[PDB]
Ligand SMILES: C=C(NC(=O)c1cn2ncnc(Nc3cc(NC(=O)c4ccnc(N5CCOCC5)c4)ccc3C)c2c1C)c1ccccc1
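Consider the single chain below, provided in structure tokens and representing the form solved without the named molecule.
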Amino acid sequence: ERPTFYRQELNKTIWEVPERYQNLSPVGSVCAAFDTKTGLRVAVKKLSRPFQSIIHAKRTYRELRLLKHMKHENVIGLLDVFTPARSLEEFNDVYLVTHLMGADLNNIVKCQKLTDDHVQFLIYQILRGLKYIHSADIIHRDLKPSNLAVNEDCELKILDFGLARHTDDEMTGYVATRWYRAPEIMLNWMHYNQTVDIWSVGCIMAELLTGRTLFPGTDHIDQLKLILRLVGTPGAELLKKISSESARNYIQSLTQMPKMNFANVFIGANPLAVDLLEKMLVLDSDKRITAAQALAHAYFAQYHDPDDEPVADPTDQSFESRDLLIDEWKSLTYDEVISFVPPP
């Protein structure tokens, strides 16, 4: 039942995998490989020190559950999950396997100029799995071009969980590309929205059009200025940001910025597209368009079909509000790796 494994050291780390995964090849933690069982290129992720603390433990279970759960054409699926371990007691390492696509937004945009019809199809596809993720009450907090895989037939898959949270979860502060990232995150709001992801799409989508990075900061205040240079300084409602009363006075100290007309910035863009961005790049997350409503936006006329824009299933997030020791999280997790059912 248990395949022969084999350990080999890749870049200061050990990697014990079953022998159906050949030619492990680091990308950055991830290797690329070739799966003999099926003959597809895959990506293996070894989780970094799971079960190191009560919070990593929790972190690991959560990720795994989510991946097990995602079953949508525009969201990546778990091909395999495994561990070298032969029982719960030696159990300490976790590997996830997924399909390697061929390309991603990151690199197709460095080298091809995308026409509008391209953009439509791609953004709609992104939006369409966001509608799927957000139905499970999940904010994937790391939308960005390299986490958006595309393949030859131009299908799109959203890629990276781990930073994903359930919505009413006290938000924590984290490591990632600041370019695609909502203001409210950058101000460390303890609570925040699924519309944070809409901000990203907004940014990702303007990059497709123009060829360039919308807001290419170099640190947070540079990031925050670049943003204001476009959407303009906000009104007094602003009291809202108590979350950071040291950040509040640093915005009120900032020079006063007029809101730019998007149609004067995005020359040659479809007016429908520019309209849609104007509804994505508002600093007030209350007035920011949802994935669902955005799917209804006329820009997507050509592709919009509700009945193939499905919602996700009944789940138990129950655990989110549990306090267990490491060893509890450990077992819960182990069981899930055992109970894994692999797609055909």
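The numbering used is simple: start at 1 and walk along the sequence shown.
According to the entry, the deposited sequence runs straight from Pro314 to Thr315 with no unmodelled residues in between. For the pair 271-279 and 42-50, the mean B factor over Cα atoms is greater in 42-50. Once the C-alpha B-factors are averaged per stretch, 211-219 and 69-77 rank with 69-77 first. Residue-level inspection of the entry shows that, of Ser244, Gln194, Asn107, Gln125, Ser244 has the top Cα B-factor. Reading the B-factor column for the CA atoms of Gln293, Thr36, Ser285, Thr60 in the entry, the top value corresponds to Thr36. Sort the modelled residues of the chain by CA B factor and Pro306 lands in the middle third.
Among the modelled residues of its chain, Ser146 has a C-alpha B-factor that falls in the lowest third, as given in the PDB entry. Annotation for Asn261: C-alpha temperature factor in the middle third relative to the rest of the modelled chain, per the entry. Sort the chain's modelled residues by C-alpha temperature factor and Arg86 lands in the highest third, per the entry. In the deposited entry, the Cα temperature factor of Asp169 sits in the top third of values across the chain's modelled residues.
Heads up, the form solved in complex with the named molecule isn't pictured, but that's what we're talking about next.
Steric access to the site is blocked in the shown form: after superposition of the site C-alphas, the named molecule as positioned in the deposited bound form has three or more atoms within 2.4 Å of backbone or C-beta atoms. No residue in the set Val201, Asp275 and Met280 has a non-hydrogen atom no more than 4.5 Å from the named molecule in the deposited bound form.
Contact between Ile54 and the named molecule in the deposited bound form is not found at the 4.5 Å heavy atom cutoff.
Mapping the unseen interface onto this chain, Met101 counts among the residues with a heavy atom inside 4.5 Å of the named molecule in the deposited bound form. With a 4.5 Å cutoff on heavy atoms, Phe215 does not count as touching the named molecule in the deposited bound form; it lies far away. Within 4.5 Å of some heavy atom of the named molecule in the deposited bound form lies at least one heavy atom of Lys45. Taking a 4.5 Å heavy atom cutoff to the named molecule in the deposited bound form, the contact residue among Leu230, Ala85, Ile76, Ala269 is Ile76. Shown here without the named molecule, the chain has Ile138, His140 in 138-154 lying with a heavy atom within 4.5 Å of that partner in the deposited bound form.
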